[PDB]
2 protein chains.
Amino acid sequence: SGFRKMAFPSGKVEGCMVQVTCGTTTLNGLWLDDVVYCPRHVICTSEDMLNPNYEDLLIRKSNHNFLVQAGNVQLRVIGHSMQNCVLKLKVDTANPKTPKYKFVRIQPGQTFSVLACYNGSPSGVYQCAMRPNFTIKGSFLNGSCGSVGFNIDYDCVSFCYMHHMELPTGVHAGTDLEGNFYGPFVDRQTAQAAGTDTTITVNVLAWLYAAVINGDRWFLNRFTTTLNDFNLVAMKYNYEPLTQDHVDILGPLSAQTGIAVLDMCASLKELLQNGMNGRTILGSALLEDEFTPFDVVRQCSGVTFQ
Amino acid sequence: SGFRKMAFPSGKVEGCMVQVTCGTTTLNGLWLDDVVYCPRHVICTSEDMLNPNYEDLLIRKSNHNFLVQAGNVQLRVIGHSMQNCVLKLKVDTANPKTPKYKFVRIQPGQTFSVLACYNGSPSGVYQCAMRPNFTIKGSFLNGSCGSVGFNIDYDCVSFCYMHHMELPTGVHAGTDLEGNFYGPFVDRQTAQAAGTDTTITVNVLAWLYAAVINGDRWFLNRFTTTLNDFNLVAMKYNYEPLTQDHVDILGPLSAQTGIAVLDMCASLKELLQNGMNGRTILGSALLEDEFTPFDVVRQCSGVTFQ
Ligand SMILES: [K+]
Ligand SMILES: [K+]
């Protein structure tokens, strides 16, 4: 049946993307009801970016400083405010294509779909994980800022990411839709180090379950382990600790397959210690960690969105 | 920066997906204007599937044998015809969300986005390649049939694939939207072997260029090669021949990077012979072959879709 990096359908988000311009900067905004959300660094000039006082930069701004274009339609800005690192432009028109939505702060490990946009227009869609160091390994270019990450549950878009910057290492950083950065990052052009990145253990386990559902059973072994003994081995290979909450979320998959989580953990332990011996799991020679337990179920069970 | 399996935005295709039921079988249909396209095997019972006479099975069908549901709206079937292996159901309502579209027959190695659907509702979107043996390595479950593959150019959806079946090996086969199978496959439950699958060489090269654009240069070596000497090594590793046309299509990327195609070929030759020495290219320990030269440009240049 197969297994792919599978993104949510993008239709609901496509109709919310607009172009926002201020000064010398154009980037993307999210148009929901009569508000457009975008990164507040759009108000900065190059020189402002080095040490911006945003409260003061925004006071000196007027509604007429902001050009918002939805397709070939100018939206008139009739108000502006700042929530943390997000700019909220109140416009004269509610988006008639506003979907059901919420703003959610995700945790490291968790995944989301990215609708990469330039000039308010979608370029493509791909699946991403919030890395344990609060960066994402996206595919983004100049002008991508304001592009959002999202999950869909039924008909409800949960927006969890807005793109703000690329770090020097070529990885990406941003906020929830309430404007709070994931990670120790600030929207200021000043050197800022990403933490060291670790592997998302719960996701590697989820993917091993995916492999079992798709037939691959060679890595299942006769050994077992305790959670603590597993985490001790994990730590040494730069894997995130496995928590009881992780074990619980892997429940549905353990039930579906009949293999218990601690059994799978022992299977992973061996994989970490010995390697794969030039074998592949779901076409991969590396252990893949950008699929959550929910992602595997959704794909392996055929969950749909309406 | 960054490089991902990036799918086209799915919005334009989402609004064309419907549920088609006949007998006890439910699968997906593509609703364009007042026609719904779906696999004709929807008219077969399990017993019919072993040796179907489609002309005769269809004569014995009436419009009222087909239930089409678009969301919670029943579309009334008022006509039916068969074009090769695709069923065309004429319905009472033109799709108000019909996009600009064409039907295109793609070639092996070319890529496309898949909107996996169940019960006329989208589950997810992912990027696919037409394998050299005319199969696709999709992620599809029971009820996925009628799901389509597509590219977008500007505002125009080019439909290139409709899903019909999974082979025993777990790979997938289907038709263009005129109903002609890609490959030597038939919509009959009778043993059908996929040809031996080879690696899409031009795509591996395109991806190596992507890797260079993103920094990775460790695999660039001091050697060069002729096209023929390359193809001799390629053949031995189950790689498709590299043609002059392939060399020409890689031109833009060779220009962008400054590395000539035959130089990159030599870099690949060594990778094939020695392996990767536990190193990775764009996060991968395997050579990836599901990105075309165009795909790399689009993603690395930031092409957008109206
Ligand atoms: K600016
Ligand atoms: K070389």
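Failed condition for A:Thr21, given (1) assigned to a strand (DSSP E or B); (2) crowded, with 19+ Cβ neighbours inside 10 Å, with all others met?
Among (1) assigned to a strand (DSSP E or B); (2) crowded, with 19+ Cβ neighbours inside 10 Å, the lone unmet condition for A:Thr21 is (2).
Where residues in the stretch A:142-162 are within 11 Å of another protein chain (Cβ to nearest Cβ), in contact with a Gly (Cβ under 8 Å, 6 or more places away or on another chain) and crowded, with 18+ Cβ neighbours inside 10 Å, which of them is nearest to A:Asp197 (Cα to Cα)?
Only one residue tops the list, namely A:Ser144.
Applying the selection to the stretch A:169-228, what residues are in contact with a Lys or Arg (Cβ under 7 Å, 6 or more places away or on another chain), of a type in the set (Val, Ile, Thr) and within 14 Å of chain B (Cβ to nearest Cβ)?
Across the stretch A:169-228, the qualifying residue is only A:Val171.
Out of (1) surrounded by fewer than 18 Cβ atoms within 10 Å (Cβ to Cβ); (2) not in a loop (DSSP other than H, G, I, E, B), the odd one out for A:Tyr101 is which?
Tallying (1) surrounded by fewer than 18 Cβ atoms within 10 Å (Cβ to Cβ); (2) not in a loop (DSSP other than H, G, I, E, B), A:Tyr101 fails exactly one: (1).
Among the residues in the stretch B:51-66, are any farther than 30 Å from A:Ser144 by Cα and among the acidic types (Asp, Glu)?
yes
Assuming B:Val186 fulfils every condition listed in (1) surrounded by fewer than 20 Cβ atoms within 10 Å (Cβ to Cβ); (2) hydrophobic (A, V, I, L, M, F, W, C); (3) touching a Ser or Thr at 6+ places or on another chain (Cβ under 6 Å) apart from one, which condition is it?
That leaves (3) as the condition not met.
Pull out all pairs, ordered by first then second residue, where Cβ-Cβ is under 7 Å, the residues are six or more apart or on different chains, the first lies in the stretch B:61-90 and is over 16 Å from B:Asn28 (Cα atoms), and the second is of a type in the set (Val, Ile, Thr) and assigned to a strand (DSSP E or B).
That search, which allows pairs on different chains as well, returns B:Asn63/B:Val77; B:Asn63/B:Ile78; B:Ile78/B:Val91; B:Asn84/B:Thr175.
What's the total number of residues in the stretch A:10-35 that are within 14 Å of another protein chain (Cβ to nearest Cβ) and within 16 Å of ligand 1 (Cβ to nearest atom)?
Total meeting the criteria: 4.
Residues that are within 16 Å of ligand 1 (Cβ to nearest atom), surrounded by 12 or more Cβ atoms within 10 Å (Cβ to Cβ) and hydroxyl-bearing (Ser, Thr, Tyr), at least 2 per element: which strands (runs of 3 or more DSSP E) completely within the stretch A:41-92 meet that?
Filter on the stretch A:41-92 gives an empty set.
Which of the numbered conditions does B:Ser81 fail, given that it passes all the others? Conditions: (1) over 28 Å from A:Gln299 (Cα atoms); (2) within 11 Å of chain A (Cβ to nearest Cβ).
Checking B:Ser81 against (1) over 28 Å from A:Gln299 (Cα atoms); (2) within 11 Å of chain A (Cβ to nearest Cβ), the one that fails is (2).
Is it fair to say A:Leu32 is under 28 Å from the mean Cα position of the chain (by Cα) and away from ligand 2 (no atom under 16 Å from the Cβ)?
Spelling it out, A:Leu32 is indeed under 28 Å from the mean Cα position of the chain (by Cα) and away from ligand 2 (no atom under 16 Å from the Cβ).
Report whether or not A:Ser301 is surrounded by 15 or more Cβ atoms within 10 Å (Cβ to Cβ), within 13 Å of chain B (Cβ to nearest Cβ), hydroxyl-bearing (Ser, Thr, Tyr) and within 23 Å of the chain's Cα centre (by Cα).
no
Need the failing condition index for A:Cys38 against (1) within 14 Å of ligand 1 (Cβ to nearest atom); (2) assigned to a strand (DSSP E or B); (3) surrounded by fewer than 20 Cβ atoms within 10 Å (Cβ to Cβ), just the number.
For A:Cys38, the failing item is (3).
Can you pull out the residues in the stretch B:250-267 that are more than 27 Å from A:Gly138 (Cβ to Cβ) and part of a helix (DSSP H, G or I)?
B:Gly251, B:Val261, B:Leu262, B:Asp263, B:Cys265, B:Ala266 - these are the residues of the stretch B:250-267 that are more than 27 Å from A:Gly138 (Cβ to Cβ) and part of a helix (DSSP H, G or I).
Looking only at the stretch A:1-29, count every residue that is free of Cβ contacts under 8 Å to residues at least 40 places away in the same chain and within 25 Å of the chain's Cα centre (by Cα) and tell me the total. Outline the logic, then answer.
Keep residues of the stretch A:1-29 that are free of Cβ contacts under 8 Å to residues at least 40 places away in the same chain, which gives A:11, A:24-25.
Restricting the remaining residues to those that are within 25 Å of the chain's Cα centre (by Cα) gives A:11, A:25.
So the count comes out to 2.
For the stretch B:280-294, state whether one or more residues are away from chain A (no Cβ under 14 Å), surrounded by fewer than 20 Cβ atoms within 10 Å (Cβ to Cβ), away from ligand 2 (no atom under 16 Å from the Cβ) and part of a helix (DSSP H, G or I).
So far as the stretch B:280-294 goes, no, none of its residues is away from chain A (no Cβ under 14 Å), surrounded by fewer than 20 Cβ atoms within 10 Å (Cβ to Cβ), away from ligand 2 (no atom under 16 Å from the Cβ) and part of a helix (DSSP H, G or I).
Every residue, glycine among them, receives a Cβ derived from its backbone with ideal geometry; neighbour counts consider all protein chains shown. Throughout, read-outs are computed from the coordinates displayed, never taken from laboratory work.
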